[PDB]
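Student: Here goes the first bit of my complex:
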Amino acid sequence: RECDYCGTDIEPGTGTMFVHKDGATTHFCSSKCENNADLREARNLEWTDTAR
Amino acid sequence: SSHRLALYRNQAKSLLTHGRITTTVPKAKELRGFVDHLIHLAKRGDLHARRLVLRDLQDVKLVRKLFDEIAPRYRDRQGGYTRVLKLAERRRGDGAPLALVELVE
Amino acid sequence: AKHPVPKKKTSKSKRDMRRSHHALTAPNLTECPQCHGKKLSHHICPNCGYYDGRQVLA
Amino acid sequence: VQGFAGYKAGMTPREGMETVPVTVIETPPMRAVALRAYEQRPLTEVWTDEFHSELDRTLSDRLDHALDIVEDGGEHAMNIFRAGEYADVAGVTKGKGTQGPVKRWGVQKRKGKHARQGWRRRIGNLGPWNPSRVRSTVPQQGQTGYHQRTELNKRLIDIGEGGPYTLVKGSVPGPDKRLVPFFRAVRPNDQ
Amino acid sequence: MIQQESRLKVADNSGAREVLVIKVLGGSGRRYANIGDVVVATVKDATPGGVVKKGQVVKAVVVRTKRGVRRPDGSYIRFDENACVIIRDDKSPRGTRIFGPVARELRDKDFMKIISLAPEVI
């Protein structure tokens, strides 16, 4: 994928994946993805695998 | 905290000026490494390096003085550019086993 | 506000006994490097300057 | 020396099939010093110097098979401990020190409305009025960190030599890496 | 995780909305309701009287907790939310339908029923 989108990344040959309601999702990564993303609009996201 | 630094600061400062001062055991034991460390930077020697060293010390004269001045007299070794020497006596009322330290020379 | 205070004249005896475990112990000092005399085990002095380097006065 | 033992390697888990965390342990054969027997009279420990080079800087199976390696010349490679086994190890607490009746000993402290009142840590009480002065009961700030700790059901998983070393099933060696580890599988229950 | 009066929504339709957590179901002591687990709470509020109704004595289970669940697969999983499903004494749901995904779990502790109803089980 791309930490869902968070093109950064973090935590070994395992990692981990957060998640939201509605069969929707959020595979995941670092404390730079999280919080931010968990609170607005992905599009606008830069740094990473979006505003790449 | 802000004090740990401050120290290292003025001590690092004063010192380079003389190159061996009189503070107690510890005090010295540290002003070393640090100050020490700093040195190793005068050694690096450049835009950056300087922009640091100063960053703390704050002061052309020196800052430069060392980077150029001493730095060299050291360009060769491997840290240790300081020889922390304990002292014989002790500040009164107190009774603190002060001590002296210099730039190994 | 003296909640707790002794309760029975401490007994000289004991008292002192207490003050007993106390005691000094002369500076372990040694003798000059070449300074010739007795110095603070490990140091130059108003007799030295040496060690290996003349870092002092007199 | 009746047993087998060495020091703490460290911990980490990784792999398996579901995955599982253990701990590494260092120790070839720390030689063989005499051996336990109270024969003809009182016998226990001899010393026919054959040790290191420094050591004078300070100068019936378990024990049995020993005879095997302790007469060989001294040393004795560790590892019967094989594939899937339960020895037991006795670490050394951990210089944790003298602490408040808090962690030292489970207990609830200064509640709320007073769970702060520049108030806090400190036991509740000792003994009643009539009962009698005190008990040797309620612990106290009973220092820790030094205890001769250990445990049980210590299962070893695997081992290999490159350097004689052992992989463990759940670490909790007690003491810290580079620490003094001794193992055994005492009165095992999982047997 | 999830006891006293921590709240959690529905994903099924039982006719609920959210529910307060009384007891962690199992036996004495015990202090925790983690998906798969089964809770002894009630309605904090439920639709316009579907079939349940606000403040209704209840029984529900675990399927969504941001507490993070460590998968024997040294893996890790969690959710943006915390809620579960009602049940018929017979570990049997009511909501005819599901909502947000869930986790293998359930299966492991019985419930298929939802296991599949679920839009997606992670």
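Tutor: Structure received. Numbers count the residues shown, from 1 in each chain, chains lettered A, B, ... in the order given.
Student: so what's the backbone phi/psi at the residue most central in space within chain E?
Tutor: In chain E, the centroid-proximal residue (C-alpha atoms, centre = their mean) is residue E:84; its distance is 2.0 Å. Backbone torsions for residue E:84, taken as degrees, to the nearest 10, come to phi -160, psi -150.
Student: got it, and residue A:28?
Tutor: According to degrees, to the nearest 10, residue A:28 has phi -150, psi -180.
Student: Kindly report the same for residue C:43.
Tutor: Dihedral angles (degrees, to the nearest 10) for residue C:43: phi -140, psi 150.
Student: Pull the contacting residues for it.
Tutor: B:86-88, C:51 (C-beta atoms under 8 Å, 6 or more residues apart in numbering or on different chains). Where you see a C-beta, it was placed from the backbone N, CA and C, and this is true even at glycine.
Student: Could you give the bridge partners of the nearest residue to residue A:36 once chain neighbours are set aside?
Tutor: Among residues not flanking residue A:36 along the chain, residue A:45 sits closest, at 7.9 Å (C-beta to C-beta, 6 or more residues apart in numbering or on different chains). Beta-bridge partners for residue A:45, by DSSP bridges, are residue A:43.
Student: Neighbours of residue A:45, how many?
Tutor: Using other C-beta atoms under 10 Å in any protein chain shown, residue A:45 has 18 neighbouring residues.
Student: gap between it and residue E:95?
Tutor: Separation of residue A:45 from residue E:95 (C-beta to C-beta, to the nearest Å) stands at 35 Å.
Student: which residue ranges form the strands in chain B?
Tutor: Applying DSSP state E to chain B gives strands spanning B:20-22, B:83-85, B:100-102.
Student: show me what contacts the residue sitting furthest away from the middle of chain E?
Tutor: Outermost residue of chain E with respect to the C-alpha centroid, by C-alpha atoms, centre = their mean, is residue E:74; its distance is 23.7 Å. Taking C-beta under 8 Å, 6+ apart, we find residue E:74 in contact with A:14, D:13, D:18-19.
Student: Considering the contacts of residue C:43, which possesses the most neighbours?
Tutor: Using other C-beta under 10 Å as the neighbour criterion, residue B:87 leads these with 22 neighbours.
Student: what's around the closest residue to that residue other than its chain neighbours, how many residues?
Tutor: Sequence neighbours aside, residue B:99 is the residue nearest to residue B:87 in space, at 4.4 Å (criterion: C-beta to C-beta, 6+ apart). Neighbour count of residue B:99, defined by other C-beta under 10 Å: 22.
Student: and RNA strand F on top of that:
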RNA sequence: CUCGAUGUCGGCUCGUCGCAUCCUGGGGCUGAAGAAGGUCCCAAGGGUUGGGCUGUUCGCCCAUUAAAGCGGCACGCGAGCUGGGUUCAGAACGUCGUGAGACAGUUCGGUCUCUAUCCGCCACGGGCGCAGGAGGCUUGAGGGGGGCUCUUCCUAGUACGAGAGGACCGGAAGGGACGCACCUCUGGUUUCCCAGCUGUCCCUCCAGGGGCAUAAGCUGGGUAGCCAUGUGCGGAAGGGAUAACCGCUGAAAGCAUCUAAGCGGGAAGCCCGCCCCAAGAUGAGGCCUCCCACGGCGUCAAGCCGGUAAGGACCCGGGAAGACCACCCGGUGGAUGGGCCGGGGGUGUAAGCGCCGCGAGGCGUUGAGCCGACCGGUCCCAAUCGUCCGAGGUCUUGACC
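Tutor: Alright, RNA strand F goes in next:
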């Protein structure tokens, strides 16, 4: 006994007994088939949950549970909180009183004090001891820790059973509270490590910084150690002596009787076992590995001196070792600190120049720069040189060379 004064309700915490035992095992009983109850004898190990409303305990109610025990110790605990409350003056009502005041009727609010001496408890050092002087290793008498449990499955839906049900017996698995330990995985830390920021003073103008804005001014984040929300693990077998309780062999009662004598059965319980000390248990224990008879003095001079690095120490340098202390490793024939150096980790690509846009900025060089303890090299630095103290080998009896 106490008024030259023992601070009183409930709560909190920390608990400790006891058994008439609530849960828990073992039993005999039943109008007990099963299953589940009832009855009573034996056993306290362990254990006996969240809320609610009430100053309360008590108590009723809510959801659990095996269980949700009765009571001791001034209905334990104020020199340990609580301090709501009854129980200071206010002041209120109501209430009696000509009144004044008043009330186990009520209602608002109303100063619980830093320095433990002793005994006592938990802890760590100092002696002196254990009769050569010596470092290393073990025994444990005797103490202390810990023991609980639900549920799920086969046996089996077979015994029983008209049926709806549901076994001893025998065996898997999971989980609950709990405790020991531990960072790997997880999460909380991260007072400067790293990064973004607005206000300001110096900085030289720009840039590039600097304190202060607590003690970091603010925000994002962040090893290593500590630490849970998290990791392992534990409460078992089994051995012996019993409760109650069940039997055998058989008197006295030529017939019966667990019975005095003889022999066995039988418990979460005692003893043992499993961890945790531990001979200062003055009965100072064992054992191995070192050190040899030095001086001169009136004596059973077991008294004064060089010693033996056997050996230890002190001083230095260091430790998840740590208040001090004691305890551990090192002391330049060293890697012990720091230093440097690689390595990892961590911050998100720097200072500069460059190239796009009036500017703001961007894009590049550049996953840059900077890096606090984590893994490991290298004598740059700093553990130089030096002291002190330390044995000699007590008396009797005998067993062997």
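Student: RNA strand F added, so what about the neighbour count of residue A:45 now?
Tutor: Other residues close to residue A:45 by other C-beta under 10 Å number 18.
Student: That one and residue A:5, how far apart?
Tutor: With C-beta to C-beta as the criterion, residue A:45 and residue A:5 are 6 Å apart.
Student: what touches both of these two?
Tutor: residue A:37.
Student: quick one: secondary structure of residue 24?
Tutor: In the absence of a named chain, chain A is used. coil (DSSP: H, G, I helix; E, B strand; the rest coil).
Student: Sorry, I should have been clearer: chain D.
Tutor: Going by three-state DSSP: residue D:24 is strand.
Student: Excluding chain neighbours, give the residue nearest to it in space.
Tutor: Nearest non-adjacent residue to residue D:24 (C-beta to C-beta, 6+ apart): residue D:9, at 2.6 Å.
Student: Check residue B:39 too.
Tutor: Closest to residue B:39 by C-beta to C-beta, 6+ apart is residue B:81, at 4.5 Å.
Student: Over to residue B:86?
Tutor: Nearest one to residue B:86, counting by C-beta to C-beta, 6+ apart, is residue B:99 at 4.2 Å.
Student: Quick check: the one you found touching residue B:21?
Tutor: No - using C-beta atoms under 8 Å, residue B:99 makes no contact with residue B:21, being 9.7 Å away.
Student: Could you tell me which residues of chain C lie near chain B?
Tutor: C:39-40, C:42-45, C:55 (C-beta under 8 Å from any C-beta of the partner chain).
Student: Residue B:100 contacts residue B:24, doesn't it?
Tutor: No - between residue B:100 and residue B:24 there is no contact under C-beta under 8 Å: 10.0 Å.
Student: follow-up on the earlier one: distance of the residue nearest to residue D:24 relative to chain A?
Tutor: Separation of residue D:9 from chain A (C-beta to the nearest C-beta, to the nearest Å): 20 Å.
Student: quick one: that residue is in a helix?
Tutor: No - counting by three-state DSSP, residue D:9 falls outside a helix, being strand.
Student: How about the contacts made by it?
Tutor: Going by C-beta under 8 Å, 6+ apart, the list of residues near residue D:9 reads D:23-26, D:165-166, D:177.
Student: can these go into TSV with extra columns for neighbour count and distance to residue D:64?
Tutor: Formatted as TSV, the contacts of residue D:9 follow (neighbours: other C-beta atoms under 10 Å in any protein chain shown; distance: C-beta to C-beta, whole Å):
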residue	neighbour count	distance to residue D:64
D:23	22	28
D:24	17	28
D:25	27	23
D:26	17	25
D:165	17	25
D:166	26	22
D:177	16	32
